[PDB]
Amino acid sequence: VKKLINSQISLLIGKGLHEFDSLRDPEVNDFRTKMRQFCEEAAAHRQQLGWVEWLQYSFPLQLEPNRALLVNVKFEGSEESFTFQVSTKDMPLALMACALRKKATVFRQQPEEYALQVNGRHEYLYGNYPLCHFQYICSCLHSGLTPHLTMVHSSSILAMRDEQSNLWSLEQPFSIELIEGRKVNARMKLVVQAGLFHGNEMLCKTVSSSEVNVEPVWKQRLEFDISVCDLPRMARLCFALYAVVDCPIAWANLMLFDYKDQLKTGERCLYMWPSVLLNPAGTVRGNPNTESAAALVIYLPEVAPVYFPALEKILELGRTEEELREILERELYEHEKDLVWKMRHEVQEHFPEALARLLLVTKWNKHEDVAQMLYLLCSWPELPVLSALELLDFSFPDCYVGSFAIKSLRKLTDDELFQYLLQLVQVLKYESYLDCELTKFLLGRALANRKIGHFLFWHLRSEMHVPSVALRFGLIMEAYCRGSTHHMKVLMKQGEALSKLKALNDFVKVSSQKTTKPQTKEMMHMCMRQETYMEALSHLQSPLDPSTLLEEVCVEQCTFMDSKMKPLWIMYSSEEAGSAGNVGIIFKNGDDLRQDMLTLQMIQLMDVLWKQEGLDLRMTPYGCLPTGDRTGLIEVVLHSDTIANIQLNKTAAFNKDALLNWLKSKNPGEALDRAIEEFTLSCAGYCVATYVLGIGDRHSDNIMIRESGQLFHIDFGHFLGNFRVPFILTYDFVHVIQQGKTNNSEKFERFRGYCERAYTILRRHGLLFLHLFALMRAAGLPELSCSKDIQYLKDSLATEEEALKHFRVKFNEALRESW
């Protein structure tokens, strides 16, 4: 029955479906019904896809942004495998051909009927791409390991697709009636400041309430300096309740128009949110804690059925100098703004990419000016992805503006969308109504690609404990589940594994105080070996990456760590995969993993940007994913250790040698020079990464080394210099770069070049970083709160020559400070 699926979605999304009904809201009812059909349409289209098209949905290719190698190939229903010697320039088809020919001669006798599955992973190799373009092959060629693949036939992929089925007339000013208030605070008098906003900008000057002593009654008329006909569609009425002899108490906002474009009237009770003065960026929906939250009773006076005019009507109304207009194009005065508005047609024709600057000069408090702009917009050419990401910020609130940005993001690759998905999910907080183009797009892309679908779910699910977004986020996940009954069940398994891990972590935390670690470890081990634990912790997709399969839990290899939140070290094995199935996951409960994930995503973007310029600084883009309330996962980077642990053996005469001696033991003979190259490149990338991102409090316990020599960072506590952090250079690292030699300028000057190139490449994309950090402000991160945080990134990135010289000033100060 359908009831079991409804109860399944409920337990999964972490909110009962009945709770959407209890509210008795037609906006919630319309979102649910409309979006459900949209997702069921998307689910249907998927079931009739060709086997390759389905493989592109389920297991999208892991691609990279000559030489011969041994590759092991086996067929689905057999233990028999053949090891072939193929090239890195060879296409998957030639490998499939070899695999077929060898099967035909052994068993005594077409490659376009198969696909190559990565052993013990939900990863596949297909398409006209040389084998060296696939991430699994590339990880194998660097680690030395042999790629193990499985020949999967069309009819078997088709069996999966089958078992995975389911107006202008009102010229009087805008006014309201502030009736009465409620709840606590000191003696003093309560003022209610009220303003009207279109994004970050006021449509008129604020009007404050008359001073009333502490449950208060106002019954006062508040009028605004704006005509009702001049109100923009996305106008926000913002309130702030505070005390004065200031002390802020509460805040609440609301759209003057509903989801059906109707100008509201009638009384309204406003369950306000506790303050840290006016917050326009805040949610336009009341506090769900209607019991303990302060309420503002207000009245929307009648003006009578007034609906915001249709596009056909907006377009009906909307239907040199030239030199100084270019000079201001590459924070501006009023005469400069008037010039841009006068020249608005020349902006569309010769500077389409300057649209954002034009959208900020338009008087949104004048319907005629809005119409004249919307008319230009309804003929405006598509903007590049970069400029479109700027148009998603709270500074651009108009619905038609918002719809144009999505229209420019449709061209985005599933790879590019994956990179900025964290920012696009945050932008959901800025949205005014449940039903939006952003949700329809995010949902459309989730259901068209199972990896986008996976991460969109976890981005939403991880924020379910946040009351301001719980309804929106819950509604989106339920809409998703209707479009994928099978994936819903897959994500449910993941939630059961994480449910067991929290209980096991709670036990560990308690036990670590009551007894010694070897005694707590055997108890963890004993608790894990219980039926329910063995079942729940095994045979699941990794929330860190759906292509990674967590098969049998290796209880003996599991442990906990000695740090504050006693994190769990959970290891896995798989016979099929061999070594690819020997993965590990770290479960952390107690700290906020959101920032660590962002820091790692920003470093992952830097890697992508460098790799695109041919520069491979041998980075370690390991997974970090918040899954719940101060709960998350970290990807285990195997064959790695901390600097502090390496600096103590289980032989060095001096500390400076310890690091180099460890590399010497893990990379003997001709391999050592490779490990030092890995160290030099990775070190340089993380020197530019930590510097630009403003990562301080870096020490031996949070910096790690792989047995390959690759250096990487962990447990990023504070970013954007939020303790102006300088460049960091360590004697122990410089020693390794300089090959143990006290003096080595060739090796050090090469390393100085890597730091320089890495820095200059990122400076060219400085706008990409600034747009993504701007969009990220929505998340609520105490380290990305204001413009001074954006300004940190502006200063660490800063003409190319006048900035590169200034980088050398910081680089030289870092080398001299090194003892």
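We number the residues from 1 along the sequence you see. If you superpose the two forms and keep the largest set of C-alpha atoms that fall within 1.5 Å, you have the rigid core.
Across the superposed structures in 9 other deposited structures of this protein, aligned by the core, the stretch whose Cα atoms lie more distant on average is 78-86, chosen from 404-412 and 78-86. In 9 other deposited structures of this protein, superposed by the rigid core, the C-alpha atoms of 177-185 lie farther from the shown form than the other of 563-571 and 177-185.
For the cut-off of one third of the other compared entries, residue 731 stays well clear, since all of them model it along with its flanks.
Going from residue 245 to residue 246, the model skips 10 or more deposited residues, which lack coordinates.
According to the record, no deposited residue between residue 171 and residue 172 is left without atomic coordinates. Mean C-alpha B-factor is higher over 510-518 than over the other stretch, the pair under comparison being 601-609 and 510-518. Look at the C-alpha B-factors of 14-22 and of 805-813. On average they run higher in 805-813.
Per the deposited coordinates, the residue with the largest Cα temperature factor out of 456, 356, 296, 235 is 296.
Going by the entry's values, 327 shows the largest Cα B-factor out of 681, 327, 391, 476. Ranked against the other modelled residues of its chain, the C-alpha B-factor of residue 144 as given in the entry falls in the highest third. In the PDB entry, residue 27 places in the middle third of its chain by CA B-factor. When the modelled residues of the chain are ordered by their C-alpha B factor, residue 274 lands in the middle third. Looking at the C-alpha B-factors along this chain, the one for residue 793 belongs to the middle third. In this PDB entry, residue 767 carries a Cα temperature factor that places it within the middle third of its chain's modelled residues.
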